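**Student:** Okay, handing you the structure first.
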Amino acid sequence: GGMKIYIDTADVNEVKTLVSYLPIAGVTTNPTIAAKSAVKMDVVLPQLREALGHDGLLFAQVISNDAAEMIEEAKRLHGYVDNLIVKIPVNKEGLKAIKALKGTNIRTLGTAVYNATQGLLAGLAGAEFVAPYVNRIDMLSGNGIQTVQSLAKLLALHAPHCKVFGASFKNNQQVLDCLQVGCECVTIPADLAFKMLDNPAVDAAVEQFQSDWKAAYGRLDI
Amino acid sequence: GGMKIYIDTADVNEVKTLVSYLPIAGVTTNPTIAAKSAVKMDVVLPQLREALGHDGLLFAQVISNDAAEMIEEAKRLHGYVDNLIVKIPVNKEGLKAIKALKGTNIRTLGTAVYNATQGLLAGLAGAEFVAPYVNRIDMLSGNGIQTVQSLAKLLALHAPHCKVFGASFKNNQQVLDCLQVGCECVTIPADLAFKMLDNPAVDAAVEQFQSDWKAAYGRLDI
Amino acid sequence: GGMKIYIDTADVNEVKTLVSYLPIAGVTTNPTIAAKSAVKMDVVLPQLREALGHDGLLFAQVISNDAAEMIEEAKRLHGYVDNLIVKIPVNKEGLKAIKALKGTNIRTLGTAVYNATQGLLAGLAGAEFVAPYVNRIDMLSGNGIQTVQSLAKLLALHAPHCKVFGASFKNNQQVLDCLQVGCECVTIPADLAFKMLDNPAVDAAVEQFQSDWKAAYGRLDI
Amino acid sequence: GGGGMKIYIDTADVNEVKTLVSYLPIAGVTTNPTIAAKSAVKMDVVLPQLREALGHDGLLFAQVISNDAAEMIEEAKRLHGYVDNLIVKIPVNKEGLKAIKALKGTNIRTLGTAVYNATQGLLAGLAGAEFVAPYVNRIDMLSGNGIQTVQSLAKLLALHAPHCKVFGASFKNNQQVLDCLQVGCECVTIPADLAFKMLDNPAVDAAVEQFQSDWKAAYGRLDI
Amino acid sequence: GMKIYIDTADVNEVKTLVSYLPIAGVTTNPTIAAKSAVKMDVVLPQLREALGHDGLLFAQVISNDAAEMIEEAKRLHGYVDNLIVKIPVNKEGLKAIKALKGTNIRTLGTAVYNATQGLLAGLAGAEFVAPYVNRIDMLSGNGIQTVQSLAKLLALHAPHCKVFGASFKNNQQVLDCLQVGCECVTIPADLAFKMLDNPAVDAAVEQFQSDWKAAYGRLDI
Amino acid sequence: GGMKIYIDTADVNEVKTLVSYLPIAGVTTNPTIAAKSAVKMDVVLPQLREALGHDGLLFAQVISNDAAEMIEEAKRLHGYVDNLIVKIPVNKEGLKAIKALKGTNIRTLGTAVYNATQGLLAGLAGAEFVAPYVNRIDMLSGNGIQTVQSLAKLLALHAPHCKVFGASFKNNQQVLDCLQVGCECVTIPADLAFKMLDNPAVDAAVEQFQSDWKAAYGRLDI
Amino acid sequence: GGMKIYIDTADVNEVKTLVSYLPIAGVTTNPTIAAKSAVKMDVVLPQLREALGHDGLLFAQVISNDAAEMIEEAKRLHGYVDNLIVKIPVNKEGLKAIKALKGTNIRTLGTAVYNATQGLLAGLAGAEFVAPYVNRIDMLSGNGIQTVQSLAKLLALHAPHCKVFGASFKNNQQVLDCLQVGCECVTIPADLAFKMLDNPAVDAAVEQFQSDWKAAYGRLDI
Amino acid sequence: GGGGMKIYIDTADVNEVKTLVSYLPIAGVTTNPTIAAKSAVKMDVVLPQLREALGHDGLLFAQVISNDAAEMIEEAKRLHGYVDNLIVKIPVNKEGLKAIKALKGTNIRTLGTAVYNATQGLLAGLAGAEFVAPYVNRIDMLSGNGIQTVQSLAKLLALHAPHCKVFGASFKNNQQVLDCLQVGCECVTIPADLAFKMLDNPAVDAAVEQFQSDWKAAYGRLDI
Amino acid sequence: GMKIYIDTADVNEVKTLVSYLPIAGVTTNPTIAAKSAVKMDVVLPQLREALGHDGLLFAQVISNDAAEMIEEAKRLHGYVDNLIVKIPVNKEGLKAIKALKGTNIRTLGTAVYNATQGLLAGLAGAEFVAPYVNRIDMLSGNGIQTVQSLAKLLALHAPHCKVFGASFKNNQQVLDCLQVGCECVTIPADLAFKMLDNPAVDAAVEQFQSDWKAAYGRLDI
């Protein structure tokens with residue numbers, strides 16, 4: 001349905017700028033990015049929905065290490081804005097929160113995925129999305145794309161209600177590879193989104209098109 | 001639907017000659033091609049429709065660098081003839097125009113595509129076609145067919161309303177490879193279309209056929 | 001339906017012999033083979049129909065070099081027998097005749113195909129079949145099976161109403177490879193058809209069976 | 001579903017059929033002139049015995065001997081009348097293809113045997129044969145491409161003669177049998193000596209001994 | 001969601017693992033049960049209770065003759081509801097699988113070392129077959145290849161039977177089996193306890209809360 | 001050493017014509033080929049040596065089925081001309097003759113090879129060459145090139161004194177594939193050798209070259 | 001030695017311009033390119049030698065259709081400049097001239113190569129190089145790189161004194177693929193040579209470097 | 001042998017060079033106009049400082065700025081005289097290829113930088129460059145074939161210009177660096193931020209903690 | 001013949017394995033040594049004696065700081081002849097490897113989880129690097145691929161360093177490492193005891209002597 005490219009930021013101005021010319025599907029956040037803006041979640045989240053311009057999905061992450069405390073924070077985040085999915089780190093306490101929140105109206109995402117094992121367990125526990133850190137896996141074991149491919153294949157066979165949500169990217173080739181091996185969508189950092197379209201070949205092709213047009217018509221009109 | 005082989009020219013005589021013996025689906029133009037004929041678009045587009053002989057799709061490209069001007073030029077091009085698709089370069093300003101023209105009856109094509117990134121973004125923005133420059137990509141990075149194959153798979157998975165439209169060819173095998181890796185249709189320059197069926201082996205086989213027919217019947221009658 | 005193995009000949013006696021033990025789908029002809037028999041087409045075609053034993057497809061080829069004359073020859077050939085498909089060489093003039101014969105009751109086959117370019121153009125023009133000369137391609141460029149495989153894919157994707165009709169064979173593996181890579185049917189020369197089942201290992205096994213059966217039961221009875 | 005008709009036994013020995021069908025999921029019995037001649041019992045007598053030894057109404061397979069097509073047809077009718085659910089095996093040569101052609105549309109289903117290449121199997125399938133049986137191990141002996149021949153033949157039939165399936169034959173080890181069933185064979189027929197050794201795996205016996213050795217050490221006996 | 005089974009007789013380990021892992025059921029074998037040395041007719045109701053839901057339970061026969069395997073299968077099946085009896089795939093095991101087919105006692109063919117015994121068990125009526133992946137890797141080095149071939153053979157020729165991966169020593173064997181055609185897997189408890197502890201995840205989580213305290217003050221949200 | 005392309009004929013005129021423009025390494029014969037010319041071996045072998053123009057290898061084949069007679073026929077064939085290699089069929093009796101002729105100056109070639117088994121046994125028995133019938137193997141089992149590739153690797157590993165000598169060809173690509181998978185040399189029928197360089201594209205390119213040379217210089221002088 | 005990139009032209013000014021910044025190994029010519037310049041060979045060849053700047057190899061092609069005349073034209077061409085190799089079309093008459101010119105001081109190149117058969121025959125005949133028309137092969141059969149790869153292997157195995165000289169190119173990837181699959185050297189048209197280094201991404205990176213250096217040091221000095 | 005000259009650091013910060021070279025096997029320092037402009041220290045001053053911070057006589061890399069070939073040659077001579085063992089980086093364009101041509105045979109070794117395809121790298125190698133540096137991550141950004149470009153370029157140089165080696169540059173993770181070194185790169189240069197995080201592996205810290213936790217439990221302390 | 005090493009501190013297990021297996025030497029780590037709880041300066045001479053030849057012995061440091069790693073490396077190296085000191089490849093471990101390079105104390109880089117730390121250790125002067133194959137399979141599932149890449153990287157860029165396979169759970173992991181570029185491997189004792197016991201070999205041997213008794217009478221030859 002076109003909900004494919006998400007932006008990983010907490011700055012409202014960057015969302016309004018990028019959504020004005022890019023098909024942005026929504027905004028994702030994490031405790032580090034939210035801490036950079038130094039703005040409380042119950043205020044910046046309504047500002048990110050307004051900046052987006054459409055009814056796209058928003059993502060916010062819990063911070064507590066206790067499962068019973070993750071569930072409390074998940075309910076508060078779900079009430080801060082509309083169409084919000086709670087991000088839960090896939091660990092022992094994280095799966096408890098994903099398990100308890102299964103069946104309710106609070107959709108969850110299993111984040112901080114570093115291997116296909118934790119991604120599959122989160123999908124079986126009731127998570128709608130799992131988010132592997134592609135570039136961090138490349139740093140630690142050098143098989144980021146292979147992990148995304150294996151995880152997406154495992155979910156399609158054994159837990160089809162859970163899709164892979166690509167995260168942690170440093171270049172366009174990583175983003176496209178994930179979408180090509182089974183990801184349902186991806187989230188990209190702001191600096192990557194601004195550098196996505198600058199292709200010097202396109203600018204050189206347009207300036208040659210306009211140069212030929214002026215030589216044959218004397219103007220830039222059509 | 002038999003709408004596969006498009007011709008890339010603004011020369012009316014070349015359109016009439018090729019469509020008489022080839023299954024031509026339509027005509028594509030770019031500012032450089034249109035400037036070669038140097039006849040205004042509001043005049044040459046009705047001539048190309050008449051020369052085509054059927055209601056096949058026609059393709060014209062905007063000239064301006066400003067997004068607001070591209071939208072104005074796209075609406076004027078759409079009114080010059082029927083069944084015309086506006087070609088828009090996939091840059092930052094061009095993606096604004098594709099975003100604004102989505103939903104309208106002004107179907108758009110994302111041209112000047114050099115990588116699968118801009119092609120995917122154009123399809124998600126609302127473009128009906130995306131046109132990678134196969135031979136120009138072979139010049140800059142040497143992965144023209146690979147770019148087409150990746151972009152076609154990405155669209156089939158994440159933006160099925162958009163298709164890949166092969167462009168920029170220098171030999172027959174580039175054309176066949178694009179159609180083999182997932183292209184919906186191709187547009188070829190006129191000089192290439194005149195050399196496609198040129199096969200000396202076929203002429204030798206046809207000559208040998210009728211030569212053996214004379215030796216047995218003394219005539220070319222059947 | 002079992003219409004897979006066609007025979008390329010004009011000898012009426014050879015058809016009666018081979019159809020006696022082989023599932024022959026029909027008979028194909030060409031000007032060179034028809035010239036060897038030195039028999040007029042209006043006489044040999046009704047003979048081949050009766051020799052075939054069923055209403056299988058027959059194939060006859062035009063001989064003129066101009067489209068307006070290929071059409072006239074195709075109409076007279078279509079009136080000599082029932083269930084006849086006209087073979088037309090895939091060149092500039094041949095594509096004009098296929099274009100004009102499209103929509104009529106006269107079905108056409110594109111012959112003298114040496115590459116996938118002319119095979120695809122003939123299929124898009126309205127030809128029901130296209131016939132690559134496999135062994136002749138192996139002689140000139142050495143990619144006969146690869147050409148058939150590519151052409152079969154291109155038709156399935158872009159012109160599914162046209163099928164590949166394998167022709168020009170010298171051994172059994174060429175025939176079987178064509179049927180395995182997408183050929184709807186094949187035509188083989190009569191010399192190949194008489195040598196298809198020639199397998200000394202089969203005859204040696206049957207002789208061993210009869211030898212053991214005579215050693216036990218003292219007879220060849222059962 | 002599947003039907004379960006997958007493993008056939010290639011023998012004419014009644015005692016072996018009874019023993020193997022008692023614990024193995026046997027689908028039927030196949031014979032050939034060499035195998036039937038070893039038992040030295042006439043076909044009108046051994047075929048009813050094999051049907052009784054099989055214990056169910058599985059398919060039986062018997063082969064003609066004559067070289068003449070008209071005599072093959074007469075032998076095929078007599079074999080089809082010796083027992084119920086019998087498929088006649090016919091060698092895939094010129095005269096055998098005549099018999100397969102004449103027997104199509106009748107109530108006598110045929111199998112194309114003595115297949116050494118994919119050309120024989122494809123022609124037999126187009127001629128009207130319900131099954132074709134390549135001799136896998138004999139092909140490996142002559143040209144070393146037994147599995148490749150089976151895979152090509154099964155693919156050619158699936159695309160061009162879907163009413164004909166491949167029937168794997170002539171095997172010497174379990175790997176050949178499993179490869180054929182994996183590359184497109186509908187079913188296989190195995191010799192008796194192979195069927196008796198299919199399950200022989202000393203690793204399984206060692207695991208079973210270890211399981212009960214641990215059970216005796218902890219509970220004192222083998223009670224559960 | 002019936003994908004991950006636990007291979008143990010430790011009721012306490014089942015209660016701990018089920019509190020945070022999506023456990024489908026519990027499998028046992030003679031060695032695992034004998035280690036705890038708890039009688040089957042008591043531990044099986046305990047496993048059903050500890051599991052928390054009505055998932056499948058698996059218990060294995062021990063005798064060598066088919067007649068006693070049937071007697072043991074009938075007793076095991078009566079100890080708890082929804083129990084599948086594991087039977088080693090040998091000649092006597094194939095007789096017991098055949099005799100039980102058509103009754104309410106479903107069977108699993110265990111101690112599978114090649115695809116031949118797996119296919120014969122499926123054709124004989126077994127609902128599952130369980131190759132010993134790590135033990136095959138020890139003897140012939142083709143554990144995953146055997147599982148892959150067996151899964152495809154069953155899908156083509158015995159679709160009522162499916163492959164049940166067993167005998168694992170690392171997470172990668174488990175994920176390979178689930179990718180090459182396994183319907184489900186059973187993993188030992190020690191492996192299940194080591195599945196989730198990932199040092200990179202812990203470091204990433206602590207870095208998140210460390211940045212949160214520095215920008216706001218504490219773990220408030 | 002440039003001894004790669006051999007010709008398979010007993011026709012002296014065909015040897016003279018081909019060697020005048022082709023790098024022919026020698027002449028090979030078999031009982032069927034020699035019977036086509038029907039001139040005795042002790043007479044035709046000196047004629048083929050003269051027609052060849054150089055001291056290239058000649059190949060003659062024994063006729064008898066008895067091993068002792070093959071050895072007598074091999075010694076007589078060796079005395080008819082110089083640089084002659086005796087072709088012996090690789091059967092049970094033929095392997096006796098190869099075993100007995102090992103060590104002598106009567107170099108032997110193992111012919112009538114249909115699988116890598118008999119070829120390997122012939123090389124281990126003392127044969128200098130082994131000749132598989134590529135096109136006949138393609139007829140019987142459809143693995144002609146695979147048989148050649150396996151036999152060449154087996155000899156290079158276990159009997160390096162023996163090489164594979166490609167034979168029985170029906171098109172150019174079979175010849176090139178054999179030389180590409182490890183054949184030392186090939187022998188082709190005369191009809192194929194006359195059709196090798198026959199390429200209509202080359203004639204069209206040469207015609208276009210001199211045609212453009214006339215338009216600029218008015219002559220074909222340089 | 002650095003003799004890899006040759007230029008296919010007869011324009012003396014273009015050689016002086018391209019050799020000023022490119023490692024040009026030499027200049028190749030053909031009758032069609034030589035006809036465009038309309039300059040006699042005895043004059044342009046000494047001009048191209050001085051324009052090249054070093055004693056690199058020059059290439060000139062014969063024009064006659066008979067071998068006895070190709071030899072005479074090859075001798076006169078060899079006497080116009082130093083270090084010249086004569087290009088000869090690989091046909092029946094061309095192989096006679098290569099055969100006769102073998103052993104002499106006149107080195108030959110086999111041109112107009114459309115398949116590996118004629119490339120191998122020319123190498124075995126005594127040609128130092130063979131030149132496949134890559135782009136023309138891609139037009140007729142679509143296996144230009146595959147043909148070059150096969151020919152390079154066949155020569156390395158069976159005629160190692162002959163190398164493959166890639167010719168007829170339309171983009172950079174065709175050239176690089178040929179050098180990667182076994183081409184000793186390549187020749188490119190002048191239009192391709194002037195467009196080789198055209199990369200807008202390189203120019204955009206150099207402009208960014210100078211922009212940052214002016215922001216820090218206030219100058220472009222260092 | 002190997003020589004050990006494999007890992008280069010891409011920075012102009014003297015403090016980072018000292019810190020990283022103290023525990024990492026650093027071969028040298030590479031610079032570019034953007035990196036050098038961040039330090040805002042003139043090249044005749046920072047290059048002697050980087051040589052001192054490196055601690056050994058490793059190779060240093062500095063790049064020209066001018067667009068004119070004759071000015072590039074003058075800038076290359078001044079850079080070569082600022083420190084010892086300095087290789088001049090020159091962009092691979094038309095004017096840069098003129099400078100590489102003129103600088104061959106002299107005592108000034110050159111590197112071909114700003115390489116986005118294999119055509120630039122091959123021409124620079126034939127022109128006389130000792131190294132060529134493709135921007136891996138920038139190629140991935142533009143055409144998504146960074147590693148493929150490096151592998152093709154290294155193969156083309158090994159076959160046609162063996163005096164020129166590939167120098168991997170522009171990296172964002174360890175996987176890109178290792179891929180380049182595995183597909184044919186002679187050496188790589190990495191940013192400072194990447195070099196500081198190369199060894200970060202929480203799995204290693206967990207294994208070390210477990211080793212000493214087992215050691216304390218058995219011996220009482222961490223004595224050995 | 002210096003290919004198979006045993007990962008144990010059990011002197012008795014070394015004496016048993018060396019009696020029939022071609023053992024090249026003995027490797028230890030803190031966990032394996034602490035289990036037996038025998039002091040290093042005593043067990044290392046015992047391992048040298050039990051080995052029977054002068055093969056390499058391996059012992060690992062335990063401190064966190066490089067300065068104390070050097071002190072522990074000097075003490076370990078003095079406990080027996082031909083001892084290589086294992087050092088974890090982290091920032092402090094790389095300092096100790098660098099400080100020991102050029103001395104008579106050769107080092108091995110252990111606790112290797114990716115090819116990056118393996119290559120840096122080789123460039124820093126380590127004679128061996130030891131990836132944890134089974135532990136990598138647990139965390140990222142690419143243990144053999146990591147060993148293969150690391151072996152090729154060292155052959156190209158640090159040829160003085162070689163890969164030393166460690167952390168195994170079946171024979172197939174061991175053979176895969178030796179095929180993708182490992183110079184040698186170290187295997188736990190339990191794996192070494194289970195390498196040779198093959199039920200098919202025992203059945204084949206007993207069938208040979210059963211046919212021999214039936215034809216002659218007894219095991220006479």
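Lettering and numbering for the structure tokens are positional, with chains as A, B, ... in the shown order, residues counted from 1 in each chain, and ligands counted from 1 in the shown order.
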With a distance threshold of 6 Å and counting only C-alpha atoms, extract the residues of chain C near chain F and express them as a PDB file with N, CA, C and O atoms, in the first residue's frame.

**Tutor:**
ATOM      1  N   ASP C 138      23.627 -23.329 -33.916  1.00  0.00           N
ATOM      2  CA  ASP C 138      24.829 -23.931 -33.345  1.00  0.00           C
ATOM      3  C   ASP C 138      26.009 -23.843 -34.305  1.00  0.00           C
ATOM      4  O   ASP C 138      27.165 -23.809 -33.866  1.00  0.00           O
ATOM      5  N   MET C 139      25.739 -23.803 -35.610  1.00  0.00           N
ATOM      6  CA  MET C 139      26.807 -23.710 -36.598  1.00  0.00           C
ATOM      7  C   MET C 139      27.388 -22.303 -36.664  1.00  0.00           C
ATOM      8  O   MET C 139      28.605 -22.135 -36.800  1.00  0.00           O
ATOM      9  N   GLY C 142      26.700 -21.012 -32.073  1.00  0.00           N
ATOM     10  CA  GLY C 142      26.886 -22.013 -31.041  1.00  0.00           C
ATOM     11  C   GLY C 142      26.055 -21.824 -29.792  1.00  0.00           C
ATOM     12  O   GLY C 142      26.500 -22.196 -28.701  1.00  0.00           O
ATOM     13  N   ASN C 171      20.484 -34.564 -33.675  1.00  0.00           N
ATOM     14  CA  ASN C 171      20.569 -35.656 -32.714  1.00  0.00           C
ATOM     15  C   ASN C 171      19.406 -35.558 -31.734  1.00  0.00           C
ATOM     16  O   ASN C 171      18.687 -34.558 -31.688  1.00  0.00           O
ATOM     17  N   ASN C 172      19.239 -36.617 -30.937  1.00  0.00           N
ATOM     18  CA  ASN C 172      18.099 -36.689 -30.026  1.00  0.00           C
ATOM     19  C   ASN C 172      18.204 -35.682 -28.889  1.00  0.00           C
ATOM     20  O   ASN C 172      17.179 -35.176 -28.419  1.00  0.00           O
ATOM     21  N   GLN C 173      19.420 -35.380 -28.429  1.00  0.00           N
ATOM     22  CA  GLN C 173      19.561 -34.502 -27.272  1.00  0.00           C
ATOM     23  C   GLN C 173      19.208 -33.059 -27.610  1.00  0.00           C
ATOM     24  O   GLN C 173      18.694 -32.334 -26.752  1.00  0.00           O
TER      25      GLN C 173
END

**Student:** Would you list, as an mmCIF file with C-alpha atoms, in the first residue's frame, the residues of region 15-181 of chain I that end up in helix (DSSP H, G or I) under DSSP run on this structure's backbone?

**Tutor:**
data_model
loop_
_atom_site.group_PDB
_atom_site.id
_atom_site.type_symbol
_atom_site.label_atom_id
_atom_site.label_comp_id
_atom_site.auth_asym_id
_atom_site.auth_seq_id
_atom_site.Cartn_x
_atom_site.Cartn_y
_atom_site.Cartn_z
ATOM 1 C CA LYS I 15 47.101 -40.527 28.448
ATOM 2 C CA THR I 16 44.157 -42.568 27.153
ATOM 3 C CA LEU I 17 43.636 -40.603 23.931
ATOM 4 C CA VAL I 18 47.342 -40.504 23.057
ATOM 5 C CA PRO I 30 40.378 -20.898 32.238
ATOM 6 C CA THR I 31 37.082 -22.808 32.401
ATOM 7 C CA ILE I 32 38.588 -26.194 31.501
ATOM 8 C CA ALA I 33 41.486 -25.737 33.932
ATOM 9 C CA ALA I 34 39.274 -24.439 36.753
ATOM 10 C CA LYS I 35 36.984 -27.477 36.492
ATOM 11 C CA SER I 36 39.850 -29.771 37.490
ATOM 12 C CA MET I 40 48.876 -24.523 36.202
ATOM 13 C CA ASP I 41 52.534 -24.833 37.223
ATOM 14 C CA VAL I 42 51.891 -28.497 38.116
ATOM 15 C CA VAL I 43 49.403 -29.729 35.507
ATOM 16 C CA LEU I 44 51.417 -28.341 32.578
ATOM 17 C CA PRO I 45 54.468 -30.557 33.302
ATOM 18 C CA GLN I 46 51.991 -33.415 33.750
ATOM 19 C CA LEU I 47 50.450 -32.674 30.341
ATOM 20 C CA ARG I 48 53.909 -32.612 28.741
ATOM 21 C CA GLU I 49 54.676 -36.023 30.255
ATOM 22 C CA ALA I 50 51.272 -37.512 29.408
ATOM 23 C CA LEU I 51 51.528 -36.310 25.798
ATOM 24 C CA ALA I 66 47.708 -5.695 29.312
ATOM 25 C CA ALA I 67 50.420 -5.190 31.942
ATOM 26 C CA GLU I 68 49.226 -8.155 34.010
ATOM 27 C CA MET I 69 48.586 -10.250 30.890
ATOM 28 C CA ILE I 70 52.312 -9.870 30.189
ATOM 29 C CA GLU I 71 53.210 -10.955 33.729
ATOM 30 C CA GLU I 72 50.910 -13.973 33.441
ATOM 31 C CA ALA I 73 52.268 -14.806 29.981
ATOM 32 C CA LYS I 74 55.836 -14.814 31.311
ATOM 33 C CA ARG I 75 54.902 -17.134 34.187
ATOM 34 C CA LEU I 76 52.915 -19.527 31.981
ATOM 35 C CA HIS I 77 55.735 -19.662 29.423
ATOM 36 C CA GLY I 78 58.145 -20.643 32.207
ATOM 37 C CA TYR I 79 56.058 -23.527 33.545
ATOM 38 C CA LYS I 91 42.051 -3.816 22.966
ATOM 39 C CA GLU I 92 44.103 -4.868 25.998
ATOM 40 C CA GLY I 93 44.864 -8.248 24.437
ATOM 41 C CA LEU I 94 46.196 -6.554 21.309
ATOM 42 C CA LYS I 95 48.574 -4.511 23.479
ATOM 43 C CA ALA I 96 49.923 -7.684 25.102
ATOM 44 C CA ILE I 97 50.297 -9.437 21.740
ATOM 45 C CA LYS I 98 52.254 -6.447 20.428
ATOM 46 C CA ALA I 99 54.452 -6.309 23.536
ATOM 47 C CA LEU I 100 55.257 -10.031 23.338
ATOM 48 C CA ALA I 115 37.304 -12.175 11.113
ATOM 49 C CA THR I 116 38.108 -8.570 12.078
ATOM 50 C CA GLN I 117 39.644 -9.437 15.452
ATOM 51 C CA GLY I 118 41.346 -12.441 13.860
ATOM 52 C CA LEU I 119 43.075 -10.306 11.230
ATOM 53 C CA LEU I 120 44.112 -7.588 13.694
ATOM 54 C CA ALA I 121 45.641 -10.225 15.976
ATOM 55 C CA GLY I 122 47.591 -11.686 13.059
ATOM 56 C CA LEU I 123 48.876 -8.268 12.005
ATOM 57 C CA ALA I 124 49.803 -7.546 15.639
ATOM 58 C CA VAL I 133 33.094 -22.053 15.798
ATOM 59 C CA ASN I 134 30.157 -23.383 17.816
ATOM 60 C CA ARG I 135 29.788 -20.152 19.804
ATOM 61 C CA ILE I 136 29.707 -18.154 16.562
ATOM 62 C CA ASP I 137 27.088 -20.581 15.228
ATOM 63 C CA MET I 138 25.076 -19.765 18.358
ATOM 64 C CA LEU I 139 25.271 -15.964 18.061
ATOM 65 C CA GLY I 143 30.967 -20.137 12.178
ATOM 66 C CA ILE I 144 32.420 -21.974 9.186
ATOM 67 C CA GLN I 145 32.028 -18.926 6.935
ATOM 68 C CA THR I 146 33.940 -16.828 9.476
ATOM 69 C CA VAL I 147 36.740 -19.411 9.609
ATOM 70 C CA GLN I 148 36.868 -19.562 5.804
ATOM 71 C CA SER I 149 37.064 -15.783 5.369
ATOM 72 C CA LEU I 150 39.621 -15.459 8.174
ATOM 73 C CA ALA I 151 41.857 -18.186 6.729
ATOM 74 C CA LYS I 152 41.879 -16.530 3.300
ATOM 75 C CA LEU I 153 42.482 -13.066 4.775
ATOM 76 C CA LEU I 154 45.516 -14.359 6.679
ATOM 77 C CA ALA I 155 46.917 -16.217 3.662
ATOM 78 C CA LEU I 156 46.803 -12.965 1.664
ATOM 79 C CA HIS I 157 47.729 -10.307 4.229
ATOM 80 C CA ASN I 171 32.847 -34.158 13.857
ATOM 81 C CA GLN I 172 31.378 -32.273 10.896
ATOM 82 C CA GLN I 173 32.339 -28.847 12.261
ATOM 83 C CA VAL I 174 35.904 -30.093 12.771
ATOM 84 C CA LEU I 175 36.230 -31.473 9.241
ATOM 85 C CA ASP I 176 34.676 -28.341 7.725
ATOM 86 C CA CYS I 177 37.293 -26.157 9.427
ATOM 87 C CA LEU I 178 40.176 -28.325 8.199
ATOM 88 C CA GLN I 179 38.728 -28.039 4.676
#

**Student:** Identify, on the basis of only C-alpha atoms, every residue whose closest approach to residue 112 (chain B) does not exceed 7 Å; exclude the query and any residue fewer than 2 positions from it along the same chain; express the result as a ChimeraX atom specification.

**Tutor:** /A:202 /B:89-90,114,131-133

**Student:** Would you please extract all strand (DSSP E or B) residues from region 40-153 of chain I, as assigned by DSSP on the backbone, and give them as a PyMOL selection string?

**Tutor:** chain I and resi 57-60+83-88+107-112+128-132

**Student:** If the cut-off is 10 Å, can you tell me the residues of chain G near chain H, counting only C-alpha atoms? I'd like them as a count of residues only.

**Tutor:** 49

**Student:** Can you build me a table of chain I residues sitting at most 7 Å from chain D, with the closest atom pair per residue and its distance in Å to one decimal, using only C-alpha atoms, sorted by chain and residue number, as CSV?

**Tutor:**
residue,atom,partner,partner_atom,distance
I:199,CA,D:202,CA,5.2
I:200,CA,D:202,CA,5.3
I:203,CA,D:202,CA,6.8

**Student:** Find the spatial neighbours of residue 69 (chain C), counting only C-alpha atoms, within a cut-off of 12 Å - ignore same-chain residues fewer than 2 positions away - and output them as a ChimeraX atom specification.

**Tutor:** /B:220-222 /C:62-67,71-76,88,93-94,96-97,100
